């Protein structure tokens, strides 16, 4: 079983993650993310856009069971994060969530 918070942080530290709806959609759109993570309270249209662009490319989407406040904190930020994209997992097992 995958340790979300550990592996998310491990991927943030040893790989490449981009944060926020805009960059998530962008990396989804262009085929450059290997995984998209979305907080439970992402704006419904932003969540549906991600889902859409993700399904176009066959990129898995993971629904973080938690708010954008919790997700932002997990990524070490003092502000909300409604979505993020794992471009490079580094040494982490985060892509196993897919």
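Positions refer to the first chain, counted from 1.
Checked against the record, the higher mean CA B factor of 24 to 32 and 54 to 62 lies with 24 to 32. In the PDB entry, residue 95 places in the middle third of its chain by CA B-factor. In the PDB entry, residue 84 places in the lowest third of its chain by CA B-factor. Remark: residue 75 belongs to the highest third of its chain, ranked by C-alpha B-factor as recorded. In this PDB entry, the Cα temperature factor of residue 46 sits in the top third of its chain's modelled residues, the highest group.
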